[PDB]
>>> print(open('model_8.txt').read())   # compact mmCIF, C-alpha atoms
# COMPACT_ATOMS: atom_id res chain seq x y z
CA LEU A 329 -7.96 19.04 -49.10
CA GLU A 330 -6.42 21.70 -46.88
CA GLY A 331 -3.05 20.81 -45.38
CA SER A 332 -3.99 22.03 -41.89
CA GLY A 333 -6.85 20.81 -39.72
CA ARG A 334 -7.79 17.64 -37.93
CA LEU A 335 -9.37 15.22 -40.43
CA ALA A 336 -7.50 16.99 -43.21
CA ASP A 337 -4.22 16.25 -41.42
CA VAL A 338 -5.29 12.59 -41.16
CA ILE A 339 -5.58 12.24 -44.93
CA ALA A 340 -2.53 14.50 -45.39
CA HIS A 341 -0.58 11.91 -43.38
CA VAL A 342 -2.22 8.82 -44.92
CA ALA A 343 -1.71 10.00 -48.54
CA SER A 344 2.08 9.26 -48.50
CA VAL A 345 2.10 5.49 -47.81
CA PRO A 346 0.77 2.91 -50.30
CA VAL A 347 -2.63 1.29 -49.88
CA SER A 348 -1.18 -1.97 -48.54
CA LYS A 349 0.68 -0.21 -45.71
CA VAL A 350 -2.34 1.30 -43.94
CA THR A 351 -3.84 -0.77 -41.12
CA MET A 352 -6.40 -0.36 -38.35
CA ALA A 353 -3.63 0.32 -35.82
CA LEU A 354 -2.22 3.25 -37.83
CA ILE A 355 -5.58 5.00 -38.19
CA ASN A 356 -6.31 4.43 -34.49
CA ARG A 357 -2.94 6.01 -33.68
CA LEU A 358 -3.71 8.99 -35.92
CA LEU A 359 -7.21 9.43 -34.47
CA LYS A 360 -5.77 9.53 -30.96
CA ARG A 361 -3.13 12.00 -32.23
CA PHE A 362 -5.40 14.45 -34.19
CA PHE A 363 -8.77 14.37 -32.38
CA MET A 364 -7.13 15.06 -28.98
CA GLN A 365 -10.48 15.89 -27.36
CA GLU A 366 -13.69 13.81 -28.00
CA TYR A 367 -11.62 10.75 -29.07
CA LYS A 368 -13.12 8.81 -26.14
CA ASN A 369 -16.78 9.15 -27.31
CA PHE A 370 -15.99 6.89 -30.34
CA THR A 371 -17.20 3.28 -30.70
CA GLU A 372 -14.86 0.58 -32.00
CA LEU A 373 -17.47 -0.36 -34.62
CA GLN A 374 -17.54 3.26 -35.80
CA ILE A 375 -13.74 3.09 -36.02
CA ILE A 376 -14.16 -0.06 -38.14
CA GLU A 377 -16.45 1.90 -40.47
CA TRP A 378 -14.02 4.80 -40.93
CA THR A 379 -11.11 2.41 -41.45
CA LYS A 380 -12.94 1.09 -44.53
CA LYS A 381 -14.05 4.51 -45.76
CA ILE A 382 -10.45 5.75 -45.71
CA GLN A 383 -9.10 2.95 -47.93
CA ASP A 384 -11.99 3.43 -50.35
CA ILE A 385 -10.99 7.10 -50.49
CA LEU A 386 -7.32 6.15 -51.03
CA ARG A 387 -8.20 3.59 -53.72
CA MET A 388 -8.66 6.17 -56.49
CA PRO A 389 -5.56 8.42 -56.33
CA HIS A 390 -6.52 10.69 -59.25
CA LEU A 391 -9.36 12.39 -57.34
CA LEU A 392 -7.47 13.26 -54.15
CA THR A 393 -5.18 16.26 -53.77
CA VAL A 394 -3.59 17.88 -50.73
CA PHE A 395 -2.51 21.52 -50.96
CA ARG A 396 -0.84 23.96 -48.60
CA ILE A 397 -1.38 27.71 -48.85
CA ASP A 398 1.87 29.70 -48.84
CA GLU A 399 2.41 33.07 -50.49
CA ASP A 400 6.20 32.69 -50.64
CA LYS A 401 6.17 29.75 -53.06
CA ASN A 402 3.36 31.40 -55.13
CA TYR A 403 0.67 28.87 -54.26
CA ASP A 404 -3.01 29.58 -53.55
CA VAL A 405 -6.47 27.98 -53.81
CA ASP A 406 -6.86 28.55 -57.57
CA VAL A 407 -3.66 26.56 -58.21
CA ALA A 408 -5.06 23.61 -56.25
CA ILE A 409 -8.44 23.74 -58.00
CA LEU A 410 -6.75 23.89 -61.41
CA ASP B 1246 18.99 -5.46 -26.01
CA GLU B 1247 18.03 -2.13 -24.42
CA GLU B 1248 18.62 -1.09 -20.78
CA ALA B 1249 20.29 -4.40 -19.95
CA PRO B 1250 21.87 -3.45 -16.56
CA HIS B 1251 19.82 -2.70 -13.49
CA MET B 1252 19.93 1.02 -12.70
CA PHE B 1253 18.12 1.55 -9.39
CA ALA B 1254 20.51 -0.77 -7.53
CA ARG B 1255 23.64 1.21 -8.44
CA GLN B 1256 22.73 4.54 -6.86
CA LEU B 1257 25.96 5.72 -5.23
CA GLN B 1258 24.39 6.41 -1.83
CA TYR B 1259 22.55 3.61 -0.07
CA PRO B 1260 19.04 4.56 1.09
CA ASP B 1261 18.44 5.47 4.75
CA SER B 1262 22.11 4.97 5.71
CA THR B 1263 25.51 6.75 5.76
CA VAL B 1264 27.48 3.97 3.91
CA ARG B 1265 28.30 4.39 0.16
CA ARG B 1266 28.12 1.55 -2.41
CA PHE B 1267 31.25 0.80 -4.53
CA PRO B 1268 31.46 2.34 -8.01
CA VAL B 1269 30.57 -0.25 -10.69
CA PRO B 1270 30.68 0.64 -14.42
CA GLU B 1271 28.11 -0.58 -16.92
CA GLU B 1272 30.56 -2.94 -18.64
CA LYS B 1273 31.37 -4.91 -15.48
CA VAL B 1274 27.78 -5.29 -14.24
CA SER B 1275 27.34 -8.99 -15.03
CA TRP B 1276 28.97 -11.94 -13.28
CA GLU B 1277 30.78 -13.19 -16.40
CA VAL B 1278 33.50 -10.54 -16.58
CA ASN B 1279 35.90 -9.90 -13.69
CA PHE B 1280 36.68 -6.58 -12.00
CA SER B 1281 40.27 -6.69 -10.78
CA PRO B 1282 40.09 -4.20 -7.82
CA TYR B 1283 36.50 -5.24 -6.92
CA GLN B 1284 36.16 -5.01 -3.16
CA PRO B 1285 32.76 -3.79 -1.96
CA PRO B 1286 32.40 -2.97 1.74
CA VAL B 1287 30.16 -5.21 3.81
CA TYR B 1288 27.61 -3.37 5.99
CA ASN B 1289 24.45 -5.38 6.88
CA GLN B 1290 21.75 -3.15 8.47
CA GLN B 1291 21.58 -3.50 12.31
CA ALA B 1300 27.20 -16.51 5.63
CA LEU B 1301 27.35 -13.68 3.10
CA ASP B 1302 28.50 -16.03 0.30
CA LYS B 1303 25.33 -18.16 0.29
CA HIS B 1304 23.82 -16.68 -2.88
CA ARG B 1305 24.53 -14.37 -5.82
CA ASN B 1306 22.37 -11.56 -7.15
CA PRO B 1307 20.64 -12.56 -10.42
CA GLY B 1308 20.92 -9.06 -11.87
CA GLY B 1309 24.63 -8.50 -11.41
CA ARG B 1310 27.21 -6.80 -9.25
CA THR B 1311 25.90 -4.08 -6.95
CA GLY B 1312 28.78 -2.87 -4.78
CA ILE B 1313 27.02 -3.48 -1.46
CA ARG B 1314 27.52 -6.63 0.63
CA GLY B 1315 25.34 -7.92 3.46
CA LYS B 1316 21.68 -8.16 4.39
CA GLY B 1317 20.26 -4.70 3.77
CA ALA B 1318 16.96 -4.15 5.61
CA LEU B 1319 15.62 -7.66 5.15
CA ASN B 1320 14.89 -10.64 7.39
CA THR B 1321 16.69 -13.03 5.02
CA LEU B 1322 19.42 -13.23 2.41
CA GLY B 1323 18.61 -14.05 -1.18
CA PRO B 1324 15.19 -13.19 -2.59
CA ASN B 1325 12.58 -11.24 -0.67
CA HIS B 1326 9.18 -11.80 -2.25
CA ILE B 1327 6.13 -9.53 -2.43
CA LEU B 1328 2.86 -10.42 -4.15
CA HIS B 1329 0.87 -7.65 -5.84
CA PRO B 1330 -2.76 -8.66 -6.46
CA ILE B 1331 -4.92 -6.14 -8.33
CA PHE B 1332 -8.68 -6.30 -7.74
CA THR B 1333 -10.09 -4.67 -10.88
CA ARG B 1334 -13.56 -4.14 -12.35
CA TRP B 1335 -15.41 -1.90 -14.77
CA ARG B 1336 -16.04 1.74 -13.91
CA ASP B 1337 -19.47 2.39 -15.44
CA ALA B 1338 -22.22 -0.02 -16.45
CA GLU B 1339 -21.77 0.65 -20.19
CA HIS B 1340 -18.10 -0.55 -20.03
CA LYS B 1341 -16.49 2.69 -21.17
CA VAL B 1342 -13.49 2.60 -18.79
CA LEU B 1343 -11.90 0.28 -16.24
CA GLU B 1344 -10.93 0.72 -12.60
CA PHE B 1345 -8.81 -0.92 -9.93
CA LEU B 1346 -9.18 -0.83 -6.13
CA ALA B 1347 -5.86 0.92 -5.60
CA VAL B 1348 -4.50 2.37 -2.37
CA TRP B 1349 -3.34 5.95 -1.85
CA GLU B 1350 -0.96 6.33 1.07
CA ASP B 1351 -1.30 9.20 3.54
CA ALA B 1352 2.51 9.56 3.67
CA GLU B 1353 3.21 9.43 -0.08
CA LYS B 1354 -0.07 10.87 -1.52
CA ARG B 1355 0.33 8.58 -4.55
CA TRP B 1356 -2.07 6.03 -6.05
CA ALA B 1357 -0.16 2.85 -5.23
CA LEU B 1358 -1.08 -0.80 -5.62
CA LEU B 1359 -2.55 -2.96 -2.85
CA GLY B 1360 0.02 -5.74 -2.62
CA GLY B 1361 1.91 -6.84 0.46
CA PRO B 1362 4.94 -8.92 1.46
CA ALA B 1363 4.41 -12.53 0.40
CA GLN B 1364 6.42 -14.74 2.73
CA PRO B 1365 8.22 -17.88 1.50
CA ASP B 1366 5.52 -20.59 1.61
CA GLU B 1367 2.78 -18.08 2.48
CA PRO B 1368 -0.85 -19.07 1.85
CA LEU B 1369 -2.55 -16.61 -0.49
CA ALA B 1370 -5.84 -16.55 1.45
CA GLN B 1371 -4.40 -15.51 4.83
CA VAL B 1372 -1.91 -13.14 3.18
CA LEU B 1373 -4.75 -11.50 1.25
CA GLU B 1374 -6.71 -11.32 4.51
CA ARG B 1375 -3.78 -9.52 6.14
CA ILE B 1376 -3.16 -7.18 3.19
CA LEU B 1377 -6.87 -6.39 2.74
CA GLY B 1378 -8.08 -6.48 6.35
CA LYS B 1379 -10.64 -9.23 5.80
CA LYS B 1380 -13.54 -9.07 8.20
CA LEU B 1381 -15.40 -10.84 5.37
CA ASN B 1382 -13.50 -13.42 3.30
CA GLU B 1383 -16.54 -15.27 1.93
CA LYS B 1384 -16.57 -12.97 -1.11
CA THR B 1385 -12.91 -13.80 -1.76
CA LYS B 1386 -13.75 -17.47 -1.12
CA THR B 1387 -16.14 -17.40 -4.08
CA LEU B 1388 -13.71 -15.18 -6.03
CA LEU B 1389 -10.69 -17.35 -5.17
CA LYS B 1390 -10.57 -18.85 -8.69
CA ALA B 1391 -10.22 -15.43 -10.37
CA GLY B 1392 -7.51 -14.22 -12.73
CA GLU B 1393 -3.80 -13.92 -11.97
CA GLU B 1394 -0.33 -14.21 -13.59
CA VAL B 1395 0.34 -10.73 -14.93
CA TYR B 1396 4.11 -10.67 -14.32
CA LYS B 1397 6.73 -12.50 -12.28
CA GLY B 1398 10.44 -12.08 -11.64
CA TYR B 1399 13.18 -9.68 -10.59
CA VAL B 1400 12.46 -6.08 -9.55
CA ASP B 1401 15.11 -3.37 -9.68
CA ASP B 1402 15.16 -1.46 -6.40
CA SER B 1403 17.42 0.75 -4.32
CA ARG B 1404 17.48 -1.97 -1.58
CA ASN B 1405 19.15 -4.61 -3.86
CA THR B 1406 22.62 -5.80 -2.73
CA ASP B 1407 25.05 -8.49 -3.81
CA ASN B 1408 23.32 -10.86 -1.37
CA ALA B 1409 19.70 -9.74 -0.90
CA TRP B 1410 17.28 -8.71 -3.62
CA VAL B 1411 13.55 -8.26 -4.22
CA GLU B 1412 11.42 -10.37 -6.57
CA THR B 1413 7.70 -9.98 -7.18
CA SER B 1414 4.72 -11.70 -8.80
CA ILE B 1415 2.04 -9.47 -10.32
CA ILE B 1416 -1.53 -10.83 -10.40
CA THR B 1417 -4.67 -9.18 -11.75
CA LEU B 1418 -8.24 -10.28 -10.94
CA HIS B 1419 -10.68 -8.32 -13.11
CA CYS B 1420 -14.29 -9.13 -12.20
CA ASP B 1421 -17.48 -8.94 -14.27
CA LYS B 1422 -19.68 -5.91 -14.97
CA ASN B 1423 -21.56 -6.23 -11.66
CA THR B 1424 -18.73 -7.64 -9.45
CA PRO B 1425 -20.90 -9.22 -6.71
CA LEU B 1426 -17.88 -9.92 -4.48
CA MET B 1427 -16.97 -6.20 -4.51
CA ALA B 1428 -19.96 -4.84 -2.56
CA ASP B 1429 -18.96 -6.39 0.78
CA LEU B 1430 -15.30 -5.45 0.24
CA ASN B 1431 -16.30 -1.86 -0.58
CA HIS B 1432 -18.52 -1.78 2.51
CA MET B 1433 -15.46 -2.97 4.45
CA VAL B 1434 -13.26 -0.43 2.61
CA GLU B 1435 -12.14 2.13 5.19
CA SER B 1436 -8.90 3.35 6.81
CA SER B 1437 -8.02 -0.14 8.00
CA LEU B 1438 -4.30 -0.53 7.22
CA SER B 1439 -3.78 3.06 8.57
CA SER B 1440 -1.36 3.99 5.74
CA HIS B 1441 -3.77 4.50 2.83
CA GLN B 1442 -6.21 7.14 4.02
CA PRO B 1443 -8.24 7.04 0.75
CA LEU B 1444 -8.78 3.64 -0.88
CA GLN B 1445 -11.28 3.24 -3.71
CA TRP B 1446 -11.65 1.89 -7.25
CA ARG B 1447 -10.04 4.77 -9.10
CA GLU B 1448 -10.10 4.69 -12.89
CA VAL B 1449 -7.46 2.54 -14.59
CA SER B 1450 -5.57 3.51 -17.75
CA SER B 1451 -2.47 2.61 -19.79
CA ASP B 1452 -0.28 4.82 -17.60
CA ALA B 1453 3.46 4.34 -18.05
CA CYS B 1454 3.90 7.43 -15.84
CA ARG B 1455 3.06 5.46 -12.69
CA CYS B 1456 5.04 3.45 -10.13
CA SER B 1457 7.94 1.71 -11.85
CA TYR B 1458 6.94 -1.93 -11.40
CA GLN B 1459 3.26 -1.00 -11.73
CA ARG B 1460 3.53 0.93 -15.01
CA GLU B 1461 4.45 -2.15 -17.05
CA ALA B 1462 1.66 -4.03 -15.26
CA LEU B 1463 -0.94 -1.44 -16.28
CA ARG B 1464 0.53 -1.40 -19.80
CA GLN B 1465 0.26 -5.20 -19.94
CA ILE B 1466 -3.36 -4.98 -18.76
CA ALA B 1467 -4.10 -2.44 -21.51
CA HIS B 1468 -2.23 -4.58 -24.07
CA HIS B 1469 -4.47 -7.48 -23.04
CA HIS B 1470 -7.70 -5.43 -23.16
CA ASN B 1471 -7.54 -2.89 -25.98
CA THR B 1472 -5.51 -4.74 -28.64
CA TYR B 1473 -8.50 -6.77 -29.87
CA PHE B 1474 -10.23 -3.80 -31.52
>>> encode(input="model_8.txt", output="C-alpha cells")
Amino acid sequence: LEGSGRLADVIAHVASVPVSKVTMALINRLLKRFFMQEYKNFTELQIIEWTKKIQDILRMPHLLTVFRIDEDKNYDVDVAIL
Amino acid sequence: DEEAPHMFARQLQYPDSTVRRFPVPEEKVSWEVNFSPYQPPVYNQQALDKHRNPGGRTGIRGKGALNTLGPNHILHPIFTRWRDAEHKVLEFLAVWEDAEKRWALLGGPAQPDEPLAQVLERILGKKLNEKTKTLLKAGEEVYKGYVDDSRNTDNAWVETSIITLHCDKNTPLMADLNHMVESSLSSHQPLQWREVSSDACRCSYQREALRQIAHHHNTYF
C-alpha cells in the first residue's frame, strides 16, 4: 500500500492499533475524515460491509505492508516489493 | 470539570447601557467563597434580596430588562421533519430574522404558568391550530435549565426548556402550517424548513440542542 491517498491513508492509519481496538465508530470517523467529498452518498449497510472487510484484511498481518516513497532515506518501490 | 463558571454574564460592560459590572475573578464566582471588598452597584433598568443567581456572582444588582426578578423563562419548541422522501437529511422549520440575518430557532417567551397551546399560537401565529391539536402529543424534552446570557444579574437570570417535535416522513400537520407560513411575526422575513445538521457553529444554546438531536439520531448506525 502507498502511504498517501484516501483509502490507502485509511489502512495506513488503521494498521497501527491492534485488531481489538478498531470499532465501527473509528472507521466512520476516518471515512468522514478521508473521503471529504462523496461521503454523504454512502449507506449505513454499506458502511457495515466495509467495517467487516477491514478487520478481515487486518486479521492476517503478514500480507499487509505500508510503504512511503522518499529518496532521502533510500527507499523506493522495489524495496517495498522485496 | 471544564468551563465551570458562566462566561457571558461577566462581560465588563452591560449590554445596551452605560453602567459597568463589577470585576469578578474566576476563583470567586461561586456563592461558597467570600469576596471581601465585594460591592456591586445596583442599577435596575428604567426587594433586591429576594433570590440568588444559581450560576454565581455577576457584579450587577437589580432587575435588568425583565418584568420580574429571579428566573425569566423561554420555551424553544423545534418543529422538525425529514427533508426528502428517501430520508437522506433532516430539516427544522427555523426562523431567519430580518434584523439579524441568522437562522434562529422559533421559540418565544414562556410565561410562568403559561399554557403551551396559546403560547405556541402566539409564537407561531396560529390561524389554524387543529393541526397542532392532533400533533399536541408529539416529542419534547430536549434540554432544560440555566442559560448563560449577557442579561444575567445577581437577581434576574434566564432559564429555558428545549423541546423537539420531529414528525413522520409525510408530516400531515405541516402542510397547513406551511400554507400559513408567511411574514407573520414581522421579524423573520424568511421562515422555512431549512436543512438540519450537527452544527456546533450555531446559536449558543441551540448548538448543543442540534448536537443532542444528532446524538439521538445518528448514533444508532
>>> atom_distance(input="model_8.txt", atom1="CA of residue 336 in chain A", atom2="CA of residue 382 in chain A")
11.9 Å
>>> residues_around(input="model_8.txt", residues="residue 1329 in chain B", least_positions_apart="5", cutoff="10 Å", atoms="only C-alpha atoms", output="PyMOL selection string")
chain B and resi 1358-1363+1373+1376+1393+1395-1397+1413-1417+1459
>>> write_last_selection(input="model_8.txt", atoms="C-alpha atoms", output="short mmCIF file (atom, residue, chain, number, x, y, z; two decimals), in the frame of the given file")
data_model
loop_
_atom_site.label_atom_id
_atom_site.label_comp_id
_atom_site.auth_asym_id
_atom_site.auth_seq_id
_atom_site.Cartn_x
_atom_site.Cartn_y
_atom_site.Cartn_z
CA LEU B 1358 -1.08 -0.80 -5.62
CA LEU B 1359 -2.55 -2.96 -2.85
CA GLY B 1360 0.02 -5.74 -2.62
CA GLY B 1361 1.91 -6.84 0.46
CA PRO B 1362 4.94 -8.92 1.46
CA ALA B 1363 4.41 -12.53 0.40
CA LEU B 1373 -4.75 -11.50 1.25
CA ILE B 1376 -3.16 -7.18 3.19
CA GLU B 1393 -3.80 -13.92 -11.97
CA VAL B 1395 0.34 -10.73 -14.93
CA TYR B 1396 4.11 -10.67 -14.32
CA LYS B 1397 6.73 -12.50 -12.28
CA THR B 1413 7.70 -9.98 -7.18
CA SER B 1414 4.72 -11.70 -8.80
CA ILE B 1415 2.04 -9.47 -10.32
CA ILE B 1416 -1.53 -10.83 -10.40
CA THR B 1417 -4.67 -9.18 -11.75
CA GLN B 1459 3.26 -1.00 -11.73
#
>>> interface_residues(input="model_8.txt", of="chain B", to="chain A", cutoff="12 Å", atoms="all atoms listed in the file", output="short mmCIF file (atom, residue, chain, number, x, y, z; two decimals) with C-alpha atoms, in the coordinates of the input")
data_model
loop_
_atom_site.label_atom_id
_atom_site.label_comp_id
_atom_site.auth_asym_id
_atom_site.auth_seq_id
_atom_site.Cartn_x
_atom_site.Cartn_y
_atom_site.Cartn_z
CA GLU B 1339 -21.77 0.65 -20.19
CA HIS B 1340 -18.10 -0.55 -20.03
CA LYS B 1341 -16.49 2.69 -21.17
CA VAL B 1342 -13.49 2.60 -18.79
CA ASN B 1471 -7.54 -2.89 -25.98
CA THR B 1472 -5.51 -4.74 -28.64
CA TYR B 1473 -8.50 -6.77 -29.87
CA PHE B 1474 -10.23 -3.80 -31.52
#
>>> atom_distance(input="model_8.txt", atom1="CA of residue 1448 in chain B", atom2="CA of residue 1433 in chain B")
19.7 Å
>>> residues_around(input="model_8.txt", residues="residue 1444 in chain B", least_positions_apart="2", cutoff="10 Å", atoms="all atoms listed in the file", output="JSON, numbers by chain")
{"B": [1346, 1347, 1348, 1349, 1350, 1356, 1357, 1359, 1431, 1434, 1435, 1436, 1437, 1440, 1441, 1442, 1446, 1447]}
>>> residues_around(input="model_8.txt", residues="range 387-400 of chain A", least_positions_apart="5", cutoff="8 Å", atoms="all atoms listed in the file", output="ChimeraX atom specification")
/A:329-332,340,347,405,408
>>> atom_distance(input="model_8.txt", atom1="CA of residue 348 in chain A", atom2="CA of residue 363 in chain A")
24.2 Å
>>> closest_residue(input="model_8.txt", among="B:1377, B:1274, B:1338, B:1313", to="residue 1260 in chain B", atoms="all atoms listed in the file")
B:1313
>>> residues_around(input="model_8.txt", residues="residue 1423 in chain B", least_positions_apart="4", cutoff="9 Å", atoms="all atoms listed in the file", output="ChimeraX atom specification")
/B:1334-1335,1338,1427
>>> write_last_selection(input="model_8.txt", atoms="C-alpha atoms", output="PDB file, keeping the file's coordinate frame")
ATOM      1  CA  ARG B1334     -13.560  -4.140 -12.350  1.00  0.00           C
ATOM      2  CA  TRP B1335     -15.410  -1.900 -14.770  1.00  0.00           C
ATOM      3  CA  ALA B1338     -22.220  -0.020 -16.450  1.00  0.00           C
ATOM      4  CA  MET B1427     -16.970  -6.200  -4.510  1.00  0.00           C
TER       5      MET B1427
END
>>> closest_residue(input="model_8.txt", among="B:1467, B:1391, B:1312, B:1455", to="residue 1258 in chain B", atoms="only C-alpha atoms")
B:1312
>>> residues_around(input="model_8.txt", residues="residue 1450 in chain B", least_positions_apart="3", cutoff="9 Å", atoms="all atoms listed in the file", output="ChimeraX atom specification")
/B:1342-1344,1463-1464,1466-1467
>>> write_last_selection(input="model_8.txt", atoms="C-alpha atoms", output="compact mmCIF listing (two decimals), in the coordinates of the input")
# COMPACT_ATOMS: atom_id res chain seq x y z
CA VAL B 1342 -13.49 2.60 -18.79
CA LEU B 1343 -11.90 0.28 -16.24
CA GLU B 1344 -10.93 0.72 -12.60
CA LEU B 1463 -0.94 -1.44 -16.28
CA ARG B 1464 0.53 -1.40 -19.80
CA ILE B 1466 -3.36 -4.98 -18.76
CA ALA B 1467 -4.10 -2.44 -21.51
>>> closest_residue(input="model_8.txt", among="B:1291, B:1275, B:1439, B:1445", to="residue 1319 in chain B", atoms="all atoms listed in the file")
B:1291
>>> closest_residue(input="model_8.txt", among="A:403, A:370, A:362, A:378", to="residue 338 in chain A", atoms="all atoms listed in the file")
A:362
>>> closest_residue(input="model_8.txt", among="B:1351, B:1366, B:1411, B:1418", to="residue 1389 in chain B", atoms="only C-alpha atoms")
B:1418
>>> axis_aligned_box(input="model_8.txt", around="range 1452-1457 of chain B", padding_each_side="3 Å", output="lines of an AutoDock Vina configuration file")
center_x = 3.8
center_y = 4.6
center_z = -14.1
size_x = 14.2
size_y = 11.7
size_z = 13.9
>>> decode(input="model_8.txt", residues="range 1416-1435 of chain B", atoms="N, CA and C atoms", output="short mmCIF file (atom, residue, chain, number, x, y, z; two decimals), in the first residue's frame")
data_model
loop_
_atom_site.label_atom_id
_atom_site.label_comp_id
_atom_site.auth_asym_id
_atom_site.auth_seq_id
_atom_site.Cartn_x
_atom_site.Cartn_y
_atom_site.Cartn_z
N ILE B 1416 -37.42 21.85 23.50
CA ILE B 1416 -38.30 20.76 23.10
C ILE B 1416 -38.19 20.58 21.59
N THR B 1417 -38.28 19.33 21.15
CA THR B 1417 -38.10 18.99 19.74
C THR B 1417 -39.18 18.01 19.32
N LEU B 1418 -40.02 18.42 18.37
CA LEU B 1418 -41.09 17.58 17.83
C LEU B 1418 -40.75 17.27 16.38
N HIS B 1419 -40.20 16.08 16.15
CA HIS B 1419 -39.85 15.62 14.81
C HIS B 1419 -40.95 14.70 14.30
N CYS B 1420 -41.58 15.10 13.20
CA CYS B 1420 -42.75 14.39 12.68
C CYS B 1420 -42.31 13.18 11.85
N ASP B 1421 -43.26 12.60 11.12
CA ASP B 1421 -43.02 11.42 10.30
C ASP B 1421 -42.43 11.83 8.95
N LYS B 1422 -42.42 10.90 8.00
CA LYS B 1422 -41.89 11.18 6.67
C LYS B 1422 -42.81 12.12 5.89
N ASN B 1423 -44.12 12.00 6.08
CA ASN B 1423 -45.07 12.82 5.35
C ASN B 1423 -45.38 14.14 6.05
N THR B 1424 -45.46 14.12 7.39
CA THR B 1424 -45.82 15.23 8.28
C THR B 1424 -47.14 15.87 7.85
N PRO B 1425 -48.28 15.22 8.11
CA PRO B 1425 -49.56 15.75 7.62
C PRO B 1425 -50.01 17.02 8.31
N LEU B 1426 -49.49 17.32 9.50
CA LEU B 1426 -49.79 18.56 10.20
C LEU B 1426 -48.89 19.71 9.78
N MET B 1427 -48.00 19.49 8.81
CA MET B 1427 -47.07 20.52 8.35
C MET B 1427 -47.55 21.24 7.10
N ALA B 1428 -48.52 20.68 6.37
CA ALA B 1428 -48.98 21.30 5.14
C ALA B 1428 -49.77 22.58 5.42
N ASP B 1429 -50.67 22.54 6.41
CA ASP B 1429 -51.44 23.73 6.77
C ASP B 1429 -50.56 24.79 7.41
N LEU B 1430 -49.58 24.37 8.21
CA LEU B 1430 -48.67 25.33 8.83
C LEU B 1430 -47.72 25.95 7.81
N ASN B 1431 -47.34 25.20 6.77
CA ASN B 1431 -46.52 25.76 5.71
C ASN B 1431 -47.33 26.64 4.77
N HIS B 1432 -48.63 26.34 4.61
CA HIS B 1432 -49.51 27.25 3.87
C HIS B 1432 -49.75 28.53 4.66
N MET B 1433 -49.73 28.45 5.98
CA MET B 1433 -49.83 29.63 6.83
C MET B 1433 -48.47 30.23 7.17
N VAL B 1434 -47.40 29.75 6.54
CA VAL B 1434 -46.05 30.23 6.82
C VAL B 1434 -45.79 31.42 5.91
N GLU B 1435 -45.82 32.62 6.49
CA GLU B 1435 -45.51 33.85 5.78
C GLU B 1435 -44.78 34.78 6.74
#
